[PDB]
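**Q** Take this sequence and fold it.
(2 chains)
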Amino acid sequence: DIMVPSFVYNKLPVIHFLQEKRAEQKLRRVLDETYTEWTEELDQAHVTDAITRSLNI
Amino acid sequence: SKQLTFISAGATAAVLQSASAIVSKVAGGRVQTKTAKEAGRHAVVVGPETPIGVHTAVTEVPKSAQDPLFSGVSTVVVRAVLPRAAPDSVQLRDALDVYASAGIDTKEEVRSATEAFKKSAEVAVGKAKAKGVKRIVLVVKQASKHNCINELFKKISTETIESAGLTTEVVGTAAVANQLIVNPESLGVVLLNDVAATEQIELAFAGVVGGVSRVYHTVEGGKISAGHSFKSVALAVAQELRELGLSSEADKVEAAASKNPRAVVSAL
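**A** Residues are numbered from 1 along each chain as shown, chains lettered A, B, ... in the order given. Take a look at the structure below.
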């Protein structure tokens, strides 16, 4: 009725702070893993060159 | 009963009709004449274009049909022919040089080109050994575009020829063409890498000599005759009939071709 309640009350703030920090850490890790992938596609000039070769030019 | 297979590759309908009339009038109907797009034996191909299924493009100077201008000449021109795909698809001779620039992998194409060049080089060295020459002349177009197909062609042809024990002399296209048309007695065996210019050079030599029939060695193993003009097609048909086992008819066709080039069908 008295002792364990008081010590739980004492515990509450530090646990709240640590869990807030943990959530911020999770969000930070989520953000840090984001990279824009630029893709590379076959240049059309080689297609234009193969087209010309096929013509026997 | 028998069958002659006519392949059409860029030939005007007049030439094909003339060939059909010649075979019908000479053979007399004993051997049928069917038309197709690919064959391995008993086949005549008409037109400058290269048919599908041929790997070597040998041509010689037959003694009987020697023009008076080129009397006594003896030089064998062998053109290496890479496998031919459909007209729409990219040909190997161009893929092997464009894919490398584009960065695409070129392993299977290199393997196929290597096999074709090995077969062509084997044919060329066989011809050279039969004729007795010691050195053969490789012909490669020196354009910057063809900086990979010709490199592989040299690397393989010289390798095979040296393995056989003969010498190779590399040269460009213009110089060899001029030498072949002007002073051909100084060349015994000339191999040609697979390019359009080399095809034109082979046709020019086959025509200037007086009109001859070019032999094509196919993948299946065999020889098929090739012509592009009236006299050349007549000679090709004569050789084909000889192969089928007809001597008198072949001689008659050859004589008619010698006498009246453009109107052999009426001449005989």
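**Q** Could you use CA atoms for every contact and neighbour count after this?
**A** Will do.
**Q** all helices of chain B, in order?
**A** With DSSP state H, the ranges of helices along chain B come out as B:13-27, B:92-102, B:107-131, B:149-164, B:174-182, B:196-208, B:230-244, B:247-259, B:264-267.
**Q** just those: most buried one?
**A** A comparison of these by mean neighbour count, using mean count of other C-alpha atoms under 10 Å in any protein chain shown, puts helix B:230-244 on top with a mean of 24.
**Q** What is it packed up against?
**A** Contacts of helix B:230-244 with other secondary structure elements, assessed using 3 or more C-alpha pairs under 8 Å, 6 or more residues apart in numbering or on different chains; DSSP states H and E, are made with helix B:13-27, strand B:43-46, strand B:223-227, helix B:247-259, helix B:264-267.
**Q** Identify the residue of the stretch 101-250 of chain B closest to chain A, quick one.
**A** With C-alpha to the nearest C-alpha as the measure, residue B:102 is the residue of the stretch 101-250 of chain B nearest to chain A, at 6.3 Å.
**Q** How about that residue: what's its closest non-neighbour residue?
**A** residue A:46 (6.3 Å; C-alpha to C-alpha, 6 or more residues apart in numbering or on different chains).
**Q** doesn't residue B:100 make contact with the one you found?
**A** No. Shown here, residue A:46 and residue B:100 do not form a contact pair, counting by C-alpha atoms under 8 Å, at 10.2 Å.
**Q** Give me the residue at the spatial middle of the chain.
**A** If you meant another chain, say so; for now it's chain A. residue A:33 (3.1 Å; C-alpha atoms, centre = their mean).
**Q** you looked at the wrong chain, it should be chain B
**A** residue B:57 (2.9 Å).
**Q** Who is that residue paired with across the strands?
**A** For residue B:57, the residues forming beta bridges with it (DSSP bridges) are residue B:79, residue B:216.
**Q** Now do it against chain A, distance only.
**A** When distance is defined by C-alpha to the nearest C-alpha, to the nearest Å, residue B:57 is 19 Å away from chain A.
**Q** residues contacting the residue nearest to residue B:221 when sequence neighbours are not counted?
**A** Closest residue in space to residue B:221, ignoring its immediate chain neighbours: residue B:40 at 6.9 Å, by C-alpha to C-alpha, 6+ apart. Under the criterion of C-alpha atoms under 8 Å, 6 or more residues apart in numbering or on different chains, the neighbours of residue B:40 are B:53, B:218-224.
**Q** among those residues, which ones are buried?
**A** In terms of neighbour count (16 or more other C-alpha atoms under 10 Å in any protein chain shown), the buried residues within these are B:53, B:218-219, B:223-224.
**Q** if we can go back for a sec, wait, the residue of the stretch 101-250 of chain B closest to chain A touches residue A:44, no?
**A** No. In terms of C-alpha under 8 Å, residue B:102 does not count as a neighbour of residue A:44; the distance is 9.8 Å.
**Q** circling back to that earlier point, list the contacts of the residue of the stretch 101-250 of chain B closest to chain A.
**A** If you count contacts by C-alpha under 8 Å, 6+ apart, then residue B:102 has A:42-43, A:46 around it.
**Q** That'll do, ta.
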